[PDB]
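Examination of the molecular architecture
Each chain is listed here by its residues.
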Amino acid sequence: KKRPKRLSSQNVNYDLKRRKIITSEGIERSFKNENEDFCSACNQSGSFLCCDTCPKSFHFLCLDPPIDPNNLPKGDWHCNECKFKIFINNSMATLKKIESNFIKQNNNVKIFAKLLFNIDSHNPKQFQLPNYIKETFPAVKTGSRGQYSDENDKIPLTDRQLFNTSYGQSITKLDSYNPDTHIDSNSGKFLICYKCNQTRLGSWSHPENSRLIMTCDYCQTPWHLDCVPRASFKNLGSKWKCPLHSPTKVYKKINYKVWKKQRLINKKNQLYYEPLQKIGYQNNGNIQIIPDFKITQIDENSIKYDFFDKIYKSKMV
Amino acid sequence: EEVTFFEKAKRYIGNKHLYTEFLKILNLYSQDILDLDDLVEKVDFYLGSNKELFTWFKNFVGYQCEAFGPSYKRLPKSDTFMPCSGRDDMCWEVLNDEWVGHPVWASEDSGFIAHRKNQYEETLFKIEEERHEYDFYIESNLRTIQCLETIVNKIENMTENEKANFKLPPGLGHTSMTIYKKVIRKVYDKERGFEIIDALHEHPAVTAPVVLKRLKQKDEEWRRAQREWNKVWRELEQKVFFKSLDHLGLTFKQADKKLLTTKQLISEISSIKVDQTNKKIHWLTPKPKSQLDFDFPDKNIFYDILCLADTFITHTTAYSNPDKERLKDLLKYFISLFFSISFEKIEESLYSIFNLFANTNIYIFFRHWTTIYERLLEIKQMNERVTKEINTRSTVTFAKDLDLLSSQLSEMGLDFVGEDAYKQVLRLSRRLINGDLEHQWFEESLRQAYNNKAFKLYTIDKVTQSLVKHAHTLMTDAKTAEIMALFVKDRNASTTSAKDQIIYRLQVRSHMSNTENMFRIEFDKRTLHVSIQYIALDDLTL
Amino acid sequence: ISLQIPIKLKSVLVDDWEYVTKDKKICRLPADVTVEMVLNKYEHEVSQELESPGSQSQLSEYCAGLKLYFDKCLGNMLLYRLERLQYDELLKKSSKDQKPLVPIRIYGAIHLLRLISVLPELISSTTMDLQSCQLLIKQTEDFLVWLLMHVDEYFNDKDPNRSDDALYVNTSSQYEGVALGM
Amino acid sequence: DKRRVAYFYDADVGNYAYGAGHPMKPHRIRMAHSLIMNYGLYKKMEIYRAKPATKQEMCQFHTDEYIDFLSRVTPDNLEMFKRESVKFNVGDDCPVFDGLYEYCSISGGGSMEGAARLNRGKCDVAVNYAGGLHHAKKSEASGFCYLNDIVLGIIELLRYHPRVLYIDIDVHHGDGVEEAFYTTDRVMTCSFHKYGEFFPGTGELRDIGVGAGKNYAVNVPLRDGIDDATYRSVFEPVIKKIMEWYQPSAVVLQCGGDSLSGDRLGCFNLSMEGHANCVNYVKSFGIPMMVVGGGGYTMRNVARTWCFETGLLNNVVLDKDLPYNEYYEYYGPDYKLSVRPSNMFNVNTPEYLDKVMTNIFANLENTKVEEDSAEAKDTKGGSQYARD
Ligand SMILES: [Zn+2]
């Protein structure tokens, strides 16, 4: 029988708040009488500084001449093209031929002097990859703030599955019986784990015999949480890569070589193929199976052949 | 067998993409890129299960560095150059300045989540924080009161000449630095607090008595505020805390309805089927005939379920009188025949190998009955300890004097003291099916009776009603009633096994349709063992 | 106006983007080779490779222009927001040391690759002559194939987690909190 | 058998509140100490109050500017104090409150005073509930932890003992201590926590250290709702193997109610008996141990389990009856010294625990002013009136 009416007191009301007691009852007589909020130079958030007559806002570090909040300049602050629009070279000394005067003054750098010109008449910004660099790699894409994201990163979860996902579900299946994770909607069969050939759905009368399983983000291969050493599921961050795929970077010690894969090339003339030799190719991997950044048409027979050839070379050692 | 090792691996892999990826791994090993350690690690998930293939591969290849885990990557030496003056040589040689961890690298720029809590747990944390702020202010105030009381005691034996000049540094002659700063800043205004604490710092014994009196009356009012908040706080927490401790039982009212259905149990037994088949195909050709076995160590449990059943018989209104009579008689006769019980020995007062081949409805009926038996089994197996613990519930005498015990369920007789817990929960289930128990009180009594362990009995009336509805299909459906009648014909309590169940098998298989599911429920007389072996579509193929 | 880049340098630029934005790895200015000696070696090798019909004058013009141009674009379209702090530290150091920091003395060729990649956007943003554009794009192609022929000694894949020199260093937690935070 | 136990309490350590709606709460330590005093445990125990730490004494692990920031921080001037905060990640996840410097000072002082009492030999078991912060890095504050006092305690122990072992049994494991002792061979860190999108996100089975600290970092990830029996099965054999192989000279145990059944951001289902029997098992070895308290986002259960921890360290069995104290109303309706375990699912399968145990054994088979430093002096503080 909670009573928040009379038993809630007057001096101290509902907590995480205050009341008029600290202001009205505080007499002491002992002394006896235009701007933007997006930072359009790196497309991120943080501490912002803005100009009076310019709607663009910048970061403290995203300025050609870096500055810190502890020693910020006093008075009005102006951006680079602000210094070249409301100030010199656009209000007095009107731009008639000073662009050619740049060439005539700085010792015939005309093949670069116009770029030397618009360097100063350009707002500083963080590096952004050009659109023609983006299109030749279809597996990569630009994120929300402008970060790298290939197919290795998982799509961020919407808030419906994240906050308002009921109480029985929770963030992970680590609680309650969830038999829907053991059955795929594609065919209605049972997800058989790769290591142990068991679905391990268990029973409702004995929930403890149920073993958690997860599908793969690349090949949709089921995998138990107890076979591969792993505590819980993988919901945010990079996509859950099952321990059966080619690693992006491997390490062999002879200092060392990384071999950070060869990315992925979109389907056009740069993606060029040539099958001519199967034996002793020394093509350092990066292959595809069939029934520059060249990728030879490698088959099963050649792979098993050169594997046998190499382990016959290496066993004499 | 080096020729057929690759074909054997291809047969074991199954999926084309996984075979191609294993091919890529083997080629990466073959091009002087992948070492023996990484290959064996990959094979540990690839061909770890096949012990014969793994041993052959290890013998044929010829097997007899740092871990560098995903987190704690190496920092450059430039960041190491930092003063850290309080450092000596051994403390240099133990601590590393070039390894740092930061959680966004673990989250991969995606953040982290908290464990989802029920609304009762959320309001428990809420009432905890309201209880925190109150007494935290109160006892910071008692510390300030004792500090100014020591100050006043030092004043009381001292004269006016050095009363005028009593200059002190911050701290008021104590080991603390800013707690009084917090207290007199919270009590007074933001701008006024700094000036009044300045006056207290440089001129004591003139502002100190009046601030002592003000803080003392602040203390007294905060104390009685806590006192009358305490009662409502406790009465709210008495019903909030036990429900907060229930996590699976809170959603049990819906999860039990969701998961005690026909299709869920069908998937549940077919999973055990397919695991047995492919595991033995990996291991050994003959297949076992036992899966999902139940044990029946107690005989009175069936009588308790009968009490629940005929309590539900006289309560419902959606069925007719002879329908209710026939359903109750059939429900009693099912154990009177199948479990070889000659007659129910509780049918007086104080009551309110052999093979079975059956369709899907009887399978669901028996599965619900085994589930209710298991619920009562984990009720009874801890009964001798829970009843003891309730019997010696040592109430605190202090709490007896000033009335903080939870007497919410004690007024209406829902308490469990002075009575066996199992008979009490049986009676509670009787009145629970009877529909005059106000369910939330029933799960609350179960929470404060068995220490939240009796979460499977929350929907005892629901599973009883589902049991009754499934048993209603044993007579109305012609195929199920015909199967029951030829079980009357089949059951004879005589040595007729191994030559009479086969004709039974083909007779039921011709009796039912192609889409109906087939079940072999084997019951054993000694030790009361049962076994249900799945034979779905294993007889109509040939 | 279109410019092509060989796929090796595009993959290097994509790896740089991953290292900075995703892997949180800044480049190492205290390295063996910087942009000034990149262009010095380019000029010397091309001059000693071919004959002397008068191309060395425009070669040296291109080299000096690219050096000064790198000096200006370092804080304009290069330097991801992570690396702005790392610029700030060494600029403050040069302010304390009373010496002037031109980027060609510490910065590697990856930022030169970034500038070459963003070159068509700046070319299209100017009213600048056609034959000059053609000769500039031809010098860009020549520099690009020269970087292709010296790609092993210049862009070698190394992990700073176990090696002293990897042309990249890992970002600390404090650095991340300042750079990507406030 | 019988062992003298050092308790390090201050009346000021519970007077700091991180803010409204905050999980971390130092106020639980005050009513915990009230529970020890009200239980009559002072007759077979000696208790001292540790002095607050200074700036340079706090510099033994953290950098100079971080300690200066922690000393000069104040919520009033937090508006322009924005560069450093982000550098040390303070005010975003760990808000700035009054008395943060003093709270860090008393926490560190208690930790190094317990370490010095272990080293000098006046006591066998050191208990410091005033400070158990373990998420603090060299120049980073996380998990509402600012000073990594456990590293300072381990350092003071290493000034006398050759080998020091740190044991973490609660969720949100201490990544700062493991980071500080990742490459050294004389310090071994073992932790028990949950992995899988948890707030630390650090500590793997492959995380066993690098360089000379290889195979010297043990991480045992768990799942939701681990009960007392499987926690015993995952604790006792691996702890026995750690004592048999590593042979530590001192044990730093992080005690707290974060791994209890009820918690705010916790995930485990440990009862009070399960949380206390592990400490009883590690105390049965007889080697000196150090006890810190820096976990537990609930309070009502945390005071009770800390009281039971102290009672078991005093080699007595406390009764279930709870005497009257000035915090008597916080406890549950039963008002017994009983942290009731919840009924949530035990998804921690035995097979996963066995695989983790086997690979952990596979990793562990290769093991086989500073003027005031040294500490070892404190105020007596014997006049405590907290009994009710
Ligand atoms: Zn934690």
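Residues numbered from 1 in each chain as written, not as in the entry; some residues may be left out. Chains lettered and ligands numbered in written order. Part of a larger assembly, values for the part shown. Heavy atoms only, no water.

**Some thoughts on the overall build of chain B**
The line we're drawing: Put simply, DSSP marks the helices as runs of H or I at least four residues long and the strands as runs of E at least two long, and each gets a number from the N terminus on. Note on exposure labels: buried denotes an accessible area under 20% of the residue type's maximum, exposed denotes more than 50%, and partly exposed covers the range between, all computed with a 1.4 Å probe on protein chains only. We get accessible surface area from the Shrake-Rupley algorithm with a probe of 1.4 Å; when it comes to residues, only the shown protein chains can shield them. We count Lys and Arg on the positive side and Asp and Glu on the negative side, and we leave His and both chain ends out. By convention, the point assigned to a charge is CZ for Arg, NZ for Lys, CD for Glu and CG for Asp.
Check the secondary structure of chain B and you find 23 helices and four strands. Overall, the C-alpha framework of chain B stretches about 120 × 80 × 35 Å when taken along its three principal axes. Taken across its 542 residues, chain B has 53% of its residues classed as buried. With an accessible surface of roughly 26,000 Å², chain B has 55% of that area assigned to carbon and sulfur atoms. Measuring between centres, the 77 positive side-chain charges of chain B sit 4 Å from its 82 negative side-chain charges.

**Structural notes on the interface of chain A and chain B**
Heads up, the condition is: Contact definition: two residues touch when any of their heavy atoms are within 4.5 Å. The term buried area refers to how much accessible surface (probe radius 1.4 Å) is lost by two components on association, counted for both of them together. The salt bridge definition used is simple: a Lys or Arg side-chain nitrogen within 4 Å of an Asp or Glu carboxyl oxygen. What qualifies as a polar contact is a pair of N or O atoms within 3.5 Å, subject to a donor-acceptor requirement within protein and to the restriction that residues adjacent in sequence count only when both atoms come from side chains. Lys, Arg, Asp and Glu make up the charged group, whereas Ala, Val, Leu, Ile, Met, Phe, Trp, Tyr, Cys and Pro make up the nonpolar group; the residues left over, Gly among them, are polar.
Taken together, the 84 residues of chain A in the interface contact 96 residues of chain B. Taken together, both faces of the contact between chain A and chain B bury some 8,100 Å²; the carbon and sulfur share is 58%. The salt bridge partner of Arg214(B) is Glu25(A), with a shortest N-O separation of 3.5 Å. Run the count over chain A and chain B and you get 28 residue pairs in polar contact. Of all the secondary structure elements, the ones that give two or more residues to the side of chain A that touches chain B are β7 (252–253), β9 (288–289) and α6 (300–314) of chain A. With eight residues, α6(A) is the single largest residue contributor to the side of chain A that touches chain B. Here the residues of the side of chain A that touches chain B are counted per class, giving 35 nonpolar, 28 polar and 21 charged.

**Description of the packing of helix α1 (residues 2–13) of chain B against helix α2 (residues 16–30) of chain B**
When two helices pack together, you describe them by how their axes are tilted relative to each other and by the distance separating the axes. Residues and elements named next belong to chain B. Our working rule: Between the N-to-C directions of two axes lies an angle of 0 to 180 degrees, each axis being a line fitted to C-alpha atoms and, for a helix, fitted only over the stretch in contact. Note that the term roughly parallel is reserved for angles under 35 degrees, roughly antiparallel for angles over 145, roughly perpendicular for angles of 65 to 115, and oblique for everything else.
As a packed pair, α1 and α2 sit with axes 9 Å apart at the nearest point and diverge in direction by 135°. What the angle tells us is that α1 and α2 run oblique. Mapping the contact onto sequence places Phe6, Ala9, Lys10 and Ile13 in α1 and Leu18, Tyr19 and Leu26 in α2. Within the contact of α1 with α2, the residues separate by chemical class into six nonpolar, no polar and one charged.

**Side note on the interface of chain B and chain C**
The interface is formed by twelve residues belonging to chain B together with twelve residues belonging to chain C. The junction of chain B with chain C conceals about 1,100 Å² of combined surface from both sides, 52% of it contributed by carbon and sulfur atoms. Our count for the chain B to chain C interface comes out at one salt bridge. Between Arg74(B) and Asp164(C) there is a salt bridge, with the nearest N and O atoms lying 2.6 Å from each other. Applying the counting rule to chain B against chain C returns six residue pairs in polar contact. Tallied by class, residues from the side of chain B that touches chain C come to seven nonpolar, one polar and four charged.

**Here we look at a positive patch on the surface**
This is how it is decided: Within this analysis, patches are made of residues with over 30% relative accessible area and no salt bridge. Like charges are joined at 9 Å or less; nonpolar side chains (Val, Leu, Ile, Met, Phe, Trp, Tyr) at 5 Å or less.
A grouping of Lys1(A), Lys2(A), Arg3(A), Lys5(A), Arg6(A), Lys231(B) and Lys239(B) is seen on the molecular surface, where their side chains present a positively charged patch. Within the secondary structure, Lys2(A) is located in the segment before β1 (48–50).

**Focus: the nonpolar core**
Soluble globular proteins tend to pack their nonpolar side chains together in the buried interior. Let me state the cut-off plainly: To define a nonpolar core, start from buried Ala, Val, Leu, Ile, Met, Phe, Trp, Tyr and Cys residues and group those joined through side-chain atoms within 4.5 Å.
Ranked by internal contacts, the top residues of the largest apolar core, which has 141 residues, are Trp223(A), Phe339(B), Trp369(B) and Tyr450(B). If one sorts the elements of this core by residue count, helix α16 (residues 360–381) of chain B sits on top with eleven residues. Excluding residues within four positions of it along the chain, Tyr450(B) makes contact with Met382(B), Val386(B), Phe416(B), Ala421(B) and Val425(B). Residues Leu95(B), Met58(D), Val171(D) and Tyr335(D) belong to the second largest nonpolar core, which totals 137 residues.

**Brief notes about the packing of helix α19 (residues 421–433) of chain B against helix α21 (residues 460–476) of chain B**
Residue and element names in this part refer to chain B. Test applied: By definition, any crossing whose near helix is turned counterclockwise from its far helix by less than a right angle is left-handed, and any crossing with a clockwise turn is right-handed.
In contact at an axis separation of 9 Å, α19 and α21 are set at 65° when each is read in the N-to-C sense. By the angle between their directions, the pair α19 and α21 is classed as roughly perpendicular. The handedness of the crossing between α19 and α21 is right-handed. Of α21, the residues touching α19 (which contributes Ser429, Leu432 and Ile433) are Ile460, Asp461 and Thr464. Partitioned by chemical class, the residues of the contact of α19 with α21 number three nonpolar, two polar and one charged.

**Overview of the coordination of the zinc ion**
All names here are of chain D. Filter applied, for reference: The donor definition counts N, O and S atoms within 2.8 Å of each metal and applies 3.2 Å to Na, K and Ca; water is not among these atoms, so some sites may look incomplete.
The protein atoms that coordinate the zinc ion are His172 (ND1) and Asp258 (OD), at distances of 2.3 to 2.6 Å. Here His172, found in the loop between β4 (164–168) and α6 (175–180), pairs with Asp258, found in the loop between β7 (250–256) and α8 (272–283); they are 86 residues apart in sequence, far enough to count as distant. Residue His172 is classed as buried on the basis of its relative accessible area, which comes to 3%.

**Here's the deal with the sheet that holds β4(D)**
Residues and elements named next belong to chain D. Inclusion rule: When DSSP finds at least two bridges between two strands, those strands are taken to pair.
An order of β2-β1-β3-β8-β7-β4-β5-β6 is seen for the eight strands of this open sheet, with the pairing classed as parallel. Each edge of the open sheet carries a strand with a single partner, namely β2 (46–48) and β6 (217–222). Strand-to-strand, the axes of this sheet are offset by a mean angle of 15°, without reference to chain direction. Here β4 pairs with strand β5 (residues 187–194) via five bridges, running parallel. Bridged to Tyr166 within β5 is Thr189.

**Description of the environment of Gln238(B)**
Here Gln238(B) lies in helix α11 (residues 208–245). By relative accessible area, which is 4% here, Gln238(B) ends up buried. Taking C-alpha positions, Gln238(B) is 32 Å from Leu260(B), a pair spaced 22 residues apart along the chain. Beyond its immediate sequence surroundings of up to four residues, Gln238(B) is in contact with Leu404(B), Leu405(B), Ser406(B), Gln408(B), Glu444(B), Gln448(B) and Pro333(D).

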